[PDB]
């Protein structure tokens, strides 16, 4: 899940939990809880608080309670669902927040990579993991100027730059490869070798891609679905991600898949330079 997916999850989840009061918190896999470290302290402090809001920061879900904020990262497979406490639990459900109305927020995560941090509302943003987080791609905080200032200060791939949450927030493997394709830039090329026109083109593409992905409800390429188990529709507008060995939608040239920044990387050998 990246900005689009998390944003979609956030939108479909909020109305289902807003106003509900946490009566209990069950943890079936303690490692997911990062702060406080003690899974029992994490549970105990949630008890009694009401969900007042659900915000997003980068790829993080920020559950706003009474005095605390629950910072949740779905990582690769984290998923939330709201269901009746009387129904059996689905597999890989590691954390369940029981509400006083008998319903419950269930956190499923097959790979168990997700993380949860609870801090007093005020502390949340100045503490990790939200502390060291780049600006929102859909806000004036993210400008070609910002991307430029970071590109010139590094010799690493423009892909590694974009995948860096400190540079810009919310971009993952799918949207980085897609934005770079749409900007006509090879992902493996040095970030500092990007010209002012390219950087202003990339920025424009990134912002455009993220926005469209948000409208289409995110990209369902493997296991992603919004809170209602509904798949997104942006995967049908993907140019390169996961299309290796398939003709490029623009030029017909077979899409390539290599490894860049340690990640599977897709691109058109002809349309990107």
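In this text, rigid core is short for the largest set of C-alphas that superpose within 1.5 Å between two forms. Residue numbers count along the first chain shown, from 1.
In summary, of the stretches 158-166 and 77-85, 77-85 shows the greater Cα distance from the shown form in 4 other deposited structures of this protein, with structures fitted on the rigid core. For 258-266 versus 6-14, the mean Cα distance to the shown form in 4 other deposited structures of this protein after rigid core alignment is larger for 6-14. Compared with other deposited structures of the same protein, residue 241 does not meet the criterion of being unmodelled in at least one third, since all of those that resolve residues on both sides include it. Across the other compared structures of the same protein with both neighbouring residues present, residue 29 carries coordinates in every case, with no third of them leaving it out. Of the two stretches examined, 209-217 and 47-55, the record assigns the greater average C-alpha temperature factor to 209-217.
Mean C-alpha B-factor is higher over 138-146 than over the other stretch, the pair under comparison being 138-146 and 174-182. Looking at 72, 93, 195, 84, the one whose CA carries the top B-factor in the deposited record is 195.
Note on the listed residues 76, 98, 199, 118: the highest Cα temperature factor in the record is that of 199.
In this PDB entry, the Cα temperature factor of residue 262 sits in the top third of its chain's modelled residues, the highest group.
For residue 169, the recorded CA B-factor ranks within the middle third of the chain. Only modelled residues enter the ranking. Remark: residue 68 belongs to the lowest third of its chain, ranked by C-alpha B-factor as recorded. Residue-level temperature factors show residue 239 in the middle third of its chain, judged at the C-alpha atom. Per the PDB record, residue ranking by Cα B-factor puts residue 60 in the lowest third of the chain.
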